[PDB]
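Novice: Quick one: the structure is below, and I'll ask about it shortly.
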Amino acid sequence: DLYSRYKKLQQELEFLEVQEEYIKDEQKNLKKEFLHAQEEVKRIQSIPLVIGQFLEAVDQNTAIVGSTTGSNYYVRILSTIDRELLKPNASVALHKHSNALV
Amino acid sequence: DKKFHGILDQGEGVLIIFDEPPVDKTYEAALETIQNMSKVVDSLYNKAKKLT
Amino acid sequence: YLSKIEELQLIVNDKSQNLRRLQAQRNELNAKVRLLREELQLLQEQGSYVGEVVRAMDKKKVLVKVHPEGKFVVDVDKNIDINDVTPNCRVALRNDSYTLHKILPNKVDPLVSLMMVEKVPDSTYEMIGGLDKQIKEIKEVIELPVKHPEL
Amino acid sequence: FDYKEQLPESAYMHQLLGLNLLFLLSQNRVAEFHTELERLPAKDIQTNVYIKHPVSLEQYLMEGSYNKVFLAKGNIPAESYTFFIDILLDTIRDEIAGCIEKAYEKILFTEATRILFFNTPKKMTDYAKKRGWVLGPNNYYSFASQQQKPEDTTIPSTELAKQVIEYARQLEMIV
Amino acid sequence: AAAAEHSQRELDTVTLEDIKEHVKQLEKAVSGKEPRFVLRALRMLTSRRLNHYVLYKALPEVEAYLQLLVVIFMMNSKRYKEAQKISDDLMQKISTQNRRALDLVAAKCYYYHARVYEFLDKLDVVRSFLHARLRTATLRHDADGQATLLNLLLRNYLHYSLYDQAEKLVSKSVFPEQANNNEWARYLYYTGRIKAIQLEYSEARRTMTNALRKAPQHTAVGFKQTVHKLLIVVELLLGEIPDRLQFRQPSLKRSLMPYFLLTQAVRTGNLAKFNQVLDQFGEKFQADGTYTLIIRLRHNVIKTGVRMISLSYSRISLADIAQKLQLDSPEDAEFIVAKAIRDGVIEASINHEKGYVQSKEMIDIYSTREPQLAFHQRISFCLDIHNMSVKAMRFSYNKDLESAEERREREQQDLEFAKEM
Amino acid sequence: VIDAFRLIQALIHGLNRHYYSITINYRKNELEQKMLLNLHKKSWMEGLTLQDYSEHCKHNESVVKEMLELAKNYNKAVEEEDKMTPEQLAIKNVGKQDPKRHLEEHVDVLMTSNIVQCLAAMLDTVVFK
Amino acid sequence: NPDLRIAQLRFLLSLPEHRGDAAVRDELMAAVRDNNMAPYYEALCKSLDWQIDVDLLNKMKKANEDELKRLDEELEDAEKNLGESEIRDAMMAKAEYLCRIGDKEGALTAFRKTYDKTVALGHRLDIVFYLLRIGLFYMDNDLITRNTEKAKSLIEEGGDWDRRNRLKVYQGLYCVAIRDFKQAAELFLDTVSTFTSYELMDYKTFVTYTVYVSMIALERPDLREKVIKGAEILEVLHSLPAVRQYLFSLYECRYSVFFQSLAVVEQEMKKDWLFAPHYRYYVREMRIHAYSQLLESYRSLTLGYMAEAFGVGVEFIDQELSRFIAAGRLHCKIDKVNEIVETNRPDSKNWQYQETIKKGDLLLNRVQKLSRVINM
Amino acid sequence: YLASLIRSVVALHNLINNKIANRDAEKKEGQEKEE
Amino acid sequence: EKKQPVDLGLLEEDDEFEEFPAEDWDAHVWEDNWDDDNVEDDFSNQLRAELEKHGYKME
């Protein structure tokens with residue numbers, strides 16, 4: 001049985017090798033990309049947006065702001081939003097149609 | 001009274017003065033940080049015994 | 001045994017199956033992160049309309065006055081009852097769909113707001129000496145009357 | 001050391017073991033010596049009856065010497081380890097010498113006789129020549145004193161950097 | 001009654017790590033035993049042989065385990081006659097046991113086997129076996145049983161007087177991973193010890209410190225009490241006084257008194273007091289072997305004497321030092337102090353003809369090299385503590401998939417609507 | 001963002017109706033890139049330059065000091081949040097500034113900034129002689 | 001209350017003995033009678049080891065049963081005629097009665113449940129104050145640290161500066177109850193401006209404490225500033241005739257006498273409780289200071305000058321300095337051959353370095369310890 | 001000595017949190033394995 | 001694990017004094033430590049400081 005098993009395992013030993021060495025690859029190519037997706041999203045910020053004052057945040061990654069236009073919406077907050085700095089009503093950068101907190 | 005930082009040598013009838021200015025601030029804040037941490041550790045372990 | 005036990009030496013190598021095990025998660029976790037920031041286009045989908053519920057009814061659709069505009073009677077999200085929906089409370093309205101996106105938390109109360117605006121010192125007993133007989137009377141006319149109206 | 005009462009008796013033990021320990025001292029093998037202590041760990045062992053000679057002999061040179069030398073004189077209640085004595089004796093003196101080289105630069109000859117336990121004045125300069133000690137009319141110099149040098153210039157930045165590097169690896173590799 | 005657990009423990013007979021869990025409760029499964037309850041195994045089961053064995057005293061994967069229950073039964077019953085004989089019959093069967101899982105179970109077995117034992121036939125005849133399968137299991141790659149067995153034979157060398165045999169034993173040893181922290185500390189304990197007796201202290205403090213870390217707590221006292229005894233000794237010999245918060249921790253403070261009477265002797269640097277104390281508590285110190293360690297201190301005490309006499313005096317006539325240290329002669333002194341100087345203790349010189357020590361300064365105030373090393377060493381520690389925690393912490397990991405198809409479709413629909421508009 | 005295409009968000013204008021999109025790529029050279037690499041490089045005399053020490057000391061004295069006040073913050077957050085959840089958590093930390101990301105982030109500057117300065121000297125002393 | 005004095009006198013009886021069988025013991029017993037105490041009588045008897053009159057115990061327990069019965073009954077009538085602020089008060093009399101009956105757990109629980117009521121501030125705070133009070137009474141510690149935190153919050157929220165002062169008197173006295181005198185310095189020293197909390201002790205006692213600790217842990221120019229020039233002390237420090245005499249002796253460079261008064265007061269500390277075995281820590285330190293203060297103006301001075309000043313023999317003086325020099329607590333160093341003493345100044349770094357490393361090690365040992373625990 | 005050190009504390013605290021998530025997790029899973 | 005620990009403890013010893021200690025098995029710790037040492041020194045010193053000076057009075 002061995003000459004079929006004891007020998008058919010060496011493959012396995014390589015499977016962990018084929019993948020053990022490749023696995024590090026995803027860890028490695030992800031981190032470089034990790035900086036991409038974060039930067040690529042920068043467009044979300046743009047430049048000609050509509051300032052708003054912060055109101056309240058339903059919870060994680062959400063809140064209700066005020067629009068200078070008078071709108072007041074439940075909007076979404078970019079992962080970047082160095083939160084800590086979100087008192088109770090901030091003048092705030094608003095995406096226009098994505099309409100969310102920049 | 002710590003006024004001018006020196007010492008008298010009565011053997012020779014002399015007065016020495018010094019220019020002190022070494023009480024370093026950095027090292028002080030470092031020691032203070034160790035205190036605040038030594039409080040945080042205890043409080044951290046107070047939750048461990050509960051989670052373990 | 002010769003080759004027999006041999007299988008064991010290499011068989012135990014399964015250890016590498018776990019570490020990679022730590023990898024997958026460890027690796028899959030990034031994939032979510034790297035992919036998570038991809039749906040960021042979602043922010044573009046649209047916006048959300050908070051709203052002020054006038055009240056719910058029959059036929060299935062919450063009656064509501066948003067904010068600048070006015071009253072709309074509109075359907076809810078499937079994930080909420082009509083019954084769990086009370087009057088005077090904020091809720092995410094699907095913007096263009098003008099159906100409930102979700103129900104935000106708190107409403108703020110009006111009577112509480114009135115009380116705040118009045119600002120009448122919150123005074124605890126232990127701070128008024130020379131006002132017992134009254135207090136007693138008060139207790140008699142209020143505290144006792146309530147604590148045990150059965151008295 | 002084998003289970004028995006009539007087997008382990010012979011007083012050739014009591015003298016022989018002590019002889020052995022003393023051998024180990026003679027060869028400057030301290031590791032083996034203390035290992036032997038742990039071995040012999042004779043529970044029912046009063047003080048050290050004869051065996052204090054090598055033990056005590058060791059403990060005292062763990063520091064002082066005069067007491068040790070005294071032990072040298074007290075082996076003559078003993079055997080051919082006198083030869084070992086003449087070993088150990090010399091084995092001590094260099095020490096004092098190797099001590100006093102760094103101790104202080106200046107000795108009157110009679111004082112060197114006092115330290116090194118000579119009963120002779122000429123044996124001194126015999127030894128000092130053998131030690132290469134320039135002698136000035138009974139008064140010896142051991143100069144140079146010290147070269148308080150190496151103010152750090154080879155392992156101050158070449159090691160730390162790697163350390164830093166390491167540390168930073170310790171910081172980097174931490175990933 | 002309680003035998004249900006013994007049956008419930010048998011429900012751990014499925015496969016592999018169950019045994020581990022099976023052992024845990026089985027640790028406390030020995031609370032209740034009756035000889036008639038022994039007949040339970042008689043009804044539990046080869047079978048005939050088992051029954052016979054039971055009778056004498058008074059499925060296989062659990063056969064070994066029930067044999068454990070037989071040993072536990074006997075040993076805990078005080079009765080050595082049947083207990084001892086049984087081990088010989090039980091130890092053999094379970095030993096030659098051509099099973100891999102059984103090796104783990106036998107470790108508890110061996111743990112008792114040596115224990116009750118007394119002499120040669122047990123130190124010698126029983127040791128040859130532990131080394132035998134020690135090699136066998138070593139090739140069988142069962143970590144736990146190995147480490148345990150190794151510990152047992154080490155403990156044998158130290159019930160003997162042989163440190164060397166155990167030392168060179170270590171020299172050819174490789175220890176394995178997957179362990180039980182208690183066995184791990186048993187090792188580190190014996191290791192540190194023999195490592196010390198051979199004079200090398202600075203690596204002993206290490207292994208004993210680990211014996212403090214890796215040891216469990218609950219009530220595992222006597223091991224801590226004992227070790228500490230060795231802990232205090234090493235810390236003392238190495239020349240570093242331990243802090244009081246040591247001689248007063250727990251119930252052990254009642255046994256550390258001797259060592260608490262040593263440091264008072266040592267710190268003061270007064271020889272006569274030391275010696276007198278050694279005579280006082282000697283017998284007490286003999287019940288363990290810390291004694292012959294302690295009797296080495298006569299060097300350290302005097303070192304302390306000298307260092308204190310140095311810090312508190314710029315120059316002293318030899319006469320006075322010889323008076324403070326009670327010693328016979330000045331000639332004795334300058335040997336002792338001449339020695340202290342070479343060891344980088346005093347930083348002095350000696351004026352011989354006037355016979356007074358004169359003492360070096362602290363020009364070495366801010367060496368900078370010292371604090372740096374101490375600082376460097378510390379940083380590596382914080383790092384490791386941060387690396388190990390990142391490699392361990394890093395391990396309910398599943399249930400992953402953001403985005404969606406249902407919603408995506410909805411979004412698409414919305415977009416289409418917008419387009420239409 | 002770049003777009004190239006020819007006739008027959010954007011769908012409002014008939015991306016596919018009046019016109020249609022195309023695709024884009026970039027012809028390259030191993031050198032071109034090599035110039036661009038030095039874009040975010042440093043100078044020459046750089047690497048051996050040692051920022052004003054005295055001034056640096058302020059960073060460690062001033063930086064460490066600022067952290068000290070935080071040290072207590074982290075203590076209060078562990079002793080507090082110690083008995084809560086994540087939804088309750090958002091109320092706490094969306095408001096104020098948890099001292100966690102401050103100690104870890106703050107340590108970053110001290111670590112690398114100090115190591116570079118320490119390392120720089122180690123080289124100048126041995127090398128430059 | 002419970003009146004501390006019971007505890008202080010108790011400790012007095014414990015003393016190295018001293019027996020006696022004088023004022024103390026019968027003072028205690030006298031306040032068992034009028035206090036119908038019990039949990040002592042067994043607690044104390046088991047401690048001191050001198051019980052008798054099984055009858056007296058029974059009488060005390062009986063009357064206790066009577067009143068606990070009564071308060072329980074009173075409370076019962078309230079449950080049917082509440083009386084929120086009232087109920088809690090009868091409770092305050094309950095656990096309070098446990099204080100007169102000096103049973104810890106009981107007043108503890110009683111008070112706690114009264115907090116669920118309390119509602120106000122003086123009840124939810126001052127009651128806590130008493131709860132800790134018990135702490136001071138028993139000679140505990142943690143039981144207090146956790147409650148001084150509570151009151152700390154209650155005061156941080158609102159309250160006033162009247163409760164904060166008593167508070168600082170408690171915290172302070174506590175700080176003295178440990179080796180923490182620095183924290184007690186400012187705390188107590190600042191407690192002279194106000195001290196309505198005669199609950200614990202009188203005013204001149206307190207005075208002696210704040211002056212003691214002040215002398216110990218204050219600098220020379222801030223000693224002159226905050227204590228030697230204490231408007232509230234001058235009128236009091238004239239009321240005394242011991243600590244003050246020492247304090248002045250120092251400040252004014254009149255050493256030799258300073259010592260005598262130092263020994264005196266030492267022989268007055270071992271009697272107290274706040275110090276208990278600290279009488280050995282205090283004097284040790286007060287020895288160093290003077291030696292320090294004496295040298296500071298000299299780069300060299302001769303022993304016989306010092307010994308002469310303090311009025312002791314050389315050999316003993318040398319023997320004393322030998323304690324403090326090797327520990328780097330004193331920047332002197334001695335030359336016995338010529339009987340001379342020269343002073344080597346210390347470097348700031350040398351100070352912190354030694355302190356930094358010590359502190360760092362303490363944190364490291366604690367970090368690792370509990371690391372392994374959470375690791376497994 | 002401060003940065004590295006305190007930083008290590010931060011990892012430690014984080015580890016503790018993880019153990020919290022695991023412990024709670026197995027409790028609920030093993031709970032569910034009942035039915 | 002606890003049981004294992006206990007077993008280990010048992011093997012390491014029993015023990016005589018350890019048992020006694022266990023039987024005895026409190027108190028606190030205060031804050032910090034070292035070095036206690038002897039006592040009855042200060043007044044002893046003064047008792048001698050007198051005597052000393054008294055001897056020096058005798059001088």
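Going through the structure tokens in order, the chains are called A, B, and so on, while each chain numbers its residues from 1 and the ligands are numbered from 1 in the order shown.
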Show which residues sit within 10 Å of residue 45 in chain I, as a PyMOL selection string. Count only C-alpha atoms, and ignore same-chain residues fewer than 3 positions away.
Specialist: (chain G and resi 263+312+316-317+320) or (chain I and resi 40-42+48-52)
Novice: Using backbone DSSP assignments, extract all strand (DSSP E or B) residues from range 174-386 of chain E; output them as number ranges by chain.
Specialist: E: 315-317, 348-351, 356-359
Novice: Save out the residues we just selected, N, CA, C and O atoms, as an mmCIF file, in the first residue's frame.
Specialist:
data_model
loop_
_atom_site.group_PDB
_atom_site.id
_atom_site.type_symbol
_atom_site.label_atom_id
_atom_site.label_comp_id
_atom_site.auth_asym_id
_atom_site.auth_seq_id
_atom_site.Cartn_x
_atom_site.Cartn_y
_atom_site.Cartn_z
ATOM 1 N N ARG E 315 40.347 56.058 51.748
ATOM 2 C CA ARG E 315 41.514 55.242 52.023
ATOM 3 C C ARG E 315 41.506 54.731 53.452
ATOM 4 O O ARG E 315 41.203 55.488 54.372
ATOM 5 N N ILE E 316 41.848 53.451 53.622
ATOM 6 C CA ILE E 316 41.859 52.819 54.935
ATOM 7 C C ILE E 316 43.153 52.072 55.214
ATOM 8 O O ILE E 316 43.624 51.314 54.373
ATOM 9 N N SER E 317 43.719 52.280 56.399
ATOM 10 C CA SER E 317 44.830 51.460 56.859
ATOM 11 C C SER E 317 44.389 49.994 56.917
ATOM 12 O O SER E 317 43.317 49.674 57.430
ATOM 13 N N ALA E 348 40.804 50.303 42.960
ATOM 14 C CA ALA E 348 41.703 50.998 43.879
ATOM 15 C C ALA E 348 43.148 50.855 43.464
ATOM 16 O O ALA E 348 43.461 50.378 42.380
ATOM 17 N N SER E 349 44.026 51.327 44.339
ATOM 18 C CA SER E 349 45.379 50.811 44.434
ATOM 19 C C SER E 349 45.674 50.650 45.922
ATOM 20 O O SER E 349 44.889 51.088 46.776
ATOM 21 N N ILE E 350 46.804 50.029 46.224
ATOM 22 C CA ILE E 350 47.192 49.762 47.598
ATOM 23 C C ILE E 350 48.533 50.408 47.890
ATOM 24 O O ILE E 350 49.480 50.259 47.126
ATOM 25 N N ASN E 351 48.603 51.147 48.986
ATOM 26 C CA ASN E 351 49.875 51.655 49.446
ATOM 27 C C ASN E 351 50.461 50.656 50.438
ATOM 28 O O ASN E 351 49.950 50.508 51.545
ATOM 29 N N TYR E 356 47.681 51.078 53.285
ATOM 30 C CA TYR E 356 46.303 51.528 53.239
ATOM 31 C C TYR E 356 45.797 51.498 51.816
ATOM 32 O O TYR E 356 46.499 51.890 50.882
ATOM 33 N N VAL E 357 44.569 51.034 51.659
ATOM 34 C CA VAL E 357 43.919 51.059 50.363
ATOM 35 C C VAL E 357 43.498 52.481 50.047
ATOM 36 O O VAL E 357 43.003 53.198 50.909
ATOM 37 N N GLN E 358 43.726 52.883 48.805
ATOM 38 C CA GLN E 358 43.294 54.192 48.302
ATOM 39 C C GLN E 358 42.481 53.993 47.003
ATOM 40 O O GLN E 358 42.888 53.204 46.163
ATOM 41 N N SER E 359 41.386 54.725 46.798
ATOM 42 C CA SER E 359 40.329 54.212 45.952
ATOM 43 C C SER E 359 39.982 55.120 44.797
ATOM 44 O O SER E 359 39.878 56.340 44.911
#
Novice: Rounded to one decimal place, report the CA of residue 11 in chain C-CA of residue 20 in chain A distance in Å.
Specialist: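 Result for CA of residue 11 in chain C versus CA of residue 20 in chain A: 16.5 Å, one decimal.
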Novice: Please list as number ranges by chain every residue within 10 Å of residue 88 in chain A, counting only C-alpha atoms and excluding residues in the same chain fewer than 5 positions away.
Specialist: A: 53-57, 65; F: 94-96
Novice: With a cut-off of 12 Å and counting only C-alpha atoms, select all residues of chain F in contact with chain E and give the selection as a list in words.
Specialist: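 Filtering chain F at 12 Å from chain E with only C-alpha atoms gives residues 9, 10, 11, 12, 13, 14, 15, 16, 17 and 111 of chain F.
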Novice: Store the residues of this selection in a file with N, CA, C and O atoms, as a PDB file, in the first residue's frame.
Specialist:
ATOM      1  N   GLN F   9     -22.855  57.305 -15.628  1.00  0.00           N
ATOM      2  CA  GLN F   9     -22.477  58.716 -15.731  1.00  0.00           C
ATOM      3  C   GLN F   9     -22.454  59.181 -17.177  1.00  0.00           C
ATOM      4  O   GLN F   9     -23.113  60.155 -17.534  1.00  0.00           O
ATOM      5  N   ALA F  10     -21.667  58.510 -18.006  1.00  0.00           N
ATOM      6  CA  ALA F  10     -21.577  58.883 -19.415  1.00  0.00           C
ATOM      7  C   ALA F  10     -22.820  58.482 -20.217  1.00  0.00           C
ATOM      8  O   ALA F  10     -23.129  59.083 -21.239  1.00  0.00           O
ATOM      9  N   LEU F  11     -23.517  57.452 -19.765  1.00  0.00           N
ATOM     10  CA  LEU F  11     -24.701  56.977 -20.457  1.00  0.00           C
ATOM     11  C   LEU F  11     -25.810  58.026 -20.526  1.00  0.00           C
ATOM     12  O   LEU F  11     -26.682  57.939 -21.379  1.00  0.00           O
ATOM     13  N   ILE F  12     -25.781  59.015 -19.640  1.00  0.00           N
ATOM     14  CA  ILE F  12     -26.710  60.132 -19.719  1.00  0.00           C
ATOM     15  C   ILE F  12     -26.576  60.821 -21.074  1.00  0.00           C
ATOM     16  O   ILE F  12     -27.565  61.286 -21.645  1.00  0.00           O
ATOM     17  N   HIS F  13     -25.350  60.860 -21.588  1.00  0.00           N
ATOM     18  CA  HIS F  13     -25.071  61.491 -22.869  1.00  0.00           C
ATOM     19  C   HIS F  13     -25.078  60.506 -24.019  1.00  0.00           C
ATOM     20  O   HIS F  13     -24.682  60.846 -25.127  1.00  0.00           O
ATOM     21  N   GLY F  14     -25.547  59.291 -23.775  1.00  0.00           N
ATOM     22  CA  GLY F  14     -25.530  58.271 -24.797  1.00  0.00           C
ATOM     23  C   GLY F  14     -24.116  57.821 -25.057  1.00  0.00           C
ATOM     24  O   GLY F  14     -23.607  57.976 -26.158  1.00  0.00           O
ATOM     25  N   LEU F  15     -23.477  57.277 -24.029  1.00  0.00           N
ATOM     26  CA  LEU F  15     -22.186  56.633 -24.199  1.00  0.00           C
ATOM     27  C   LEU F  15     -22.228  55.682 -25.370  1.00  0.00           C
ATOM     28  O   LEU F  15     -21.355  55.708 -26.219  1.00  0.00           O
ATOM     29  N   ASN F  16     -23.236  54.826 -25.405  1.00  0.00           N
ATOM     30  CA  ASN F  16     -23.370  53.897 -26.509  1.00  0.00           C
ATOM     31  C   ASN F  16     -24.289  54.385 -27.622  1.00  0.00           C
ATOM     32  O   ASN F  16     -24.313  53.791 -28.692  1.00  0.00           O
ATOM     33  N   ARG F  17     -25.039  55.457 -27.404  1.00  0.00           N
ATOM     34  CA  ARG F  17     -26.008  55.872 -28.416  1.00  0.00           C
ATOM     35  C   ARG F  17     -25.336  56.608 -29.570  1.00  0.00           C
ATOM     36  O   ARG F  17     -25.198  56.060 -30.659  1.00  0.00           O
ATOM     37  N   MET F 111      10.369  55.904  17.224  1.00  0.00           N
ATOM     38  CA  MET F 111      11.122  54.735  16.779  1.00  0.00           C
ATOM     39  C   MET F 111      12.010  55.073  15.596  1.00  0.00           C
ATOM     40  O   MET F 111      13.218  55.171  15.743  1.00  0.00           O
TER      41      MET F 111
END
Novice: Have a look at CA of residue 71 in chain F and CA of residue 164 in chain G and let me know their distance in Å, one decimal.
Specialist: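 Those two atoms sit 26.0 Å apart.
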Novice: Quick one: everything within 12 Å of residue 90 in chain G, counting only C-alpha atoms, minus sequence neighbours fewer than 2 positions away in the same chain. Send it as a CSV table (one decimal) with N, CA, C and O atoms, in the first residue's frame.
Specialist:
chain,number,residue,atom,x,y,z
G,68,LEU,N,-31.5,45.7,66.4
G,68,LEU,CA,-31.6,45.2,65.1
G,68,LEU,C,-33.1,44.8,64.8
G,68,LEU,O,-33.6,45.1,63.7
G,70,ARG,N,-35.6,46.1,66.2
G,70,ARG,CA,-36.4,47.4,66.1
G,70,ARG,C,-36.3,48.0,64.8
G,70,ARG,O,-37.3,48.3,64.1
G,71,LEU,N,-35.1,48.3,64.3
G,71,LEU,CA,-34.8,48.9,63.0
G,71,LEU,C,-35.4,48.1,61.9
G,71,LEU,O,-36.1,48.7,61.0
G,72,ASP,N,-35.3,46.8,62.0
G,72,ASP,CA,-35.9,45.9,61.0
G,72,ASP,C,-37.4,46.2,61.0
G,72,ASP,O,-38.1,46.4,59.9
G,73,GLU,N,-38.0,46.3,62.1
G,73,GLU,CA,-39.5,46.5,62.3
G,73,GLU,C,-39.9,47.9,61.7
G,73,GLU,O,-40.8,48.0,60.9
G,74,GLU,N,-39.1,48.9,62.1
G,74,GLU,CA,-39.3,50.3,61.6
G,74,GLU,C,-39.4,50.2,60.1
G,74,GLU,O,-40.3,50.8,59.5
G,75,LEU,N,-38.4,49.6,59.5
G,75,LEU,CA,-38.3,49.5,58.0
G,75,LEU,C,-39.5,48.8,57.5
G,75,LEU,O,-40.0,49.2,56.4
G,76,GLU,N,-40.0,47.8,58.2
G,76,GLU,CA,-41.2,47.1,57.8
G,76,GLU,C,-42.4,48.0,57.6
G,76,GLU,O,-43.2,47.9,56.7
G,77,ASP,N,-42.5,49.0,58.6
G,77,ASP,CA,-43.6,49.9,58.6
G,77,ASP,C,-43.5,50.9,57.4
G,77,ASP,O,-44.5,51.4,56.9
G,78,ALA,N,-42.3,51.1,57.0
G,78,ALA,CA,-42.0,52.0,55.8
G,78,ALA,C,-42.5,51.4,54.5
G,78,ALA,O,-43.1,52.1,53.7
G,79,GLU,N,-42.2,50.2,54.3
G,79,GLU,CA,-42.5,49.4,53.1
G,79,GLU,C,-44.0,49.6,52.8
G,79,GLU,O,-44.4,49.6,51.6
G,82,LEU,N,-44.0,54.2,52.5
G,82,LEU,CA,-42.9,54.8,51.9
G,82,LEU,C,-43.3,56.2,51.2
G,82,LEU,O,-44.3,56.4,50.6
G,83,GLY,N,-42.2,56.9,51.0
G,83,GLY,CA,-41.3,57.3,52.1
G,83,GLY,C,-39.9,56.7,51.5
G,83,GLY,O,-39.1,56.0,52.2
G,84,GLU,N,-39.7,57.2,50.3
G,84,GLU,CA,-38.4,56.9,49.6
G,84,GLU,C,-37.2,57.4,50.4
G,84,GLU,O,-36.5,56.6,50.9
G,85,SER,N,-37.1,58.7,50.5
G,85,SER,CA,-36.0,59.3,51.2
G,85,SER,C,-35.9,58.8,52.6
G,85,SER,O,-34.9,58.9,53.3
G,86,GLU,N,-37.1,58.3,53.1
G,86,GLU,CA,-37.2,57.8,54.5
G,86,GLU,C,-36.6,56.4,54.6
G,86,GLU,O,-35.7,56.2,55.5
G,87,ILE,N,-37.1,55.5,53.8
G,87,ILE,CA,-36.6,54.1,53.9
G,87,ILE,C,-35.1,54.1,53.9
G,87,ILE,O,-34.5,53.5,54.9
G,88,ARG,N,-34.5,54.7,52.9
G,88,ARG,CA,-33.0,54.8,52.8
G,88,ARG,C,-32.4,55.3,54.1
G,88,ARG,O,-31.3,54.8,54.6
G,92,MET,N,-29.8,53.6,56.6
G,92,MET,CA,-28.6,54.3,57.1
G,92,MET,C,-28.4,54.1,58.5
G,92,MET,O,-27.3,53.9,59.0
G,93,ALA,N,-29.5,54.0,59.3
G,93,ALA,CA,-29.5,53.7,60.7
G,93,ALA,C,-29.2,52.2,60.9
G,93,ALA,O,-28.7,51.8,62.0
G,94,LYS,N,-29.5,51.4,59.9
G,94,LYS,CA,-29.3,50.0,60.0
G,94,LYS,C,-27.8,49.7,59.9
G,94,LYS,O,-27.1,49.3,60.8
G,95,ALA,N,-27.2,49.9,58.7
G,95,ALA,CA,-25.8,49.7,58.5
G,95,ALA,C,-25.0,50.6,59.4
G,95,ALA,O,-23.9,50.1,59.9
G,96,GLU,N,-25.4,51.8,59.6
G,96,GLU,CA,-24.8,52.6,60.7
G,96,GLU,C,-24.8,51.8,62.0
G,96,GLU,O,-23.8,51.8,62.7
G,97,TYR,N,-25.9,51.2,62.3
G,97,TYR,CA,-25.9,50.4,63.6
G,97,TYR,C,-24.9,49.3,63.5
G,97,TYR,O,-24.3,49.0,64.5
G,110,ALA,N,-25.6,46.7,53.6
G,110,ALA,CA,-26.7,47.6,53.9
G,110,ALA,C,-26.5,49.0,53.2
G,110,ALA,O,-27.4,49.4,52.5
G,111,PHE,N,-25.3,49.5,53.3
G,111,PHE,CA,-25.0,50.8,52.6
G,111,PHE,C,-25.2,50.7,51.1
G,111,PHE,O,-25.9,51.5,50.5
G,114,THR,N,-28.4,50.8,49.9
G,114,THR,CA,-28.9,52.1,50.2
G,114,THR,C,-28.5,53.1,49.1
G,114,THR,O,-29.2,54.2,49.0
G,117,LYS,N,-30.8,53.2,46.4
G,117,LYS,CA,-31.7,54.3,46.8
G,117,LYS,C,-30.9,55.6,46.8
G,117,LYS,O,-30.7,56.2,45.8
G,118,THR,N,-30.5,56.0,48.0
G,118,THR,CA,-29.7,57.2,48.2
G,118,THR,C,-30.2,58.4,47.3
G,118,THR,O,-30.9,59.2,47.8
Novice: Mind listing the helix (DSSP H, G or I) residues of chain F, per DSSP on the backbone, as a VMD selection string?
Specialist: chain F and resid 10 to 13 30 to 40 53 to 81 86 to 93 100 to 126
Novice: Using only C-alpha atoms, find which residues of chain E lie within 7 Å of chain G and jot them down as a list in words.
Specialist: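 The answer, sorted by residue number, is residues 213, 308, 311, 312, 313, 314, 315, 316, 317 and 366 of chain E.
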Novice: Which value, in Å to one decimal, gives the distance between CA of residue 134 in chain G and CA of residue 171 in chain G?
Specialist: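 Computing the Euclidean distance for CA of residue 134 in chain G and CA of residue 171 in chain G yields 13.8 Å.
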Novice: Please, which residues of chain G lie no more than 12 Å from chain I when the count uses only C-alpha atoms, and can they be set out as a ChimeraX atom specification?
Specialist: /G:138-143,174-181,256-268,270,275,277-287,307-317,319-320,323-324,327,358-359,362,376
Novice: Near range 391-393 of chain E, within 7 Å and counting only C-alpha atoms, which residues show up once chain neighbours fewer than 2 positions away are dropped, as a VMD selection string?
Specialist: (chain E and resid 387 to 389 395) or (chain H and resid 15 18)
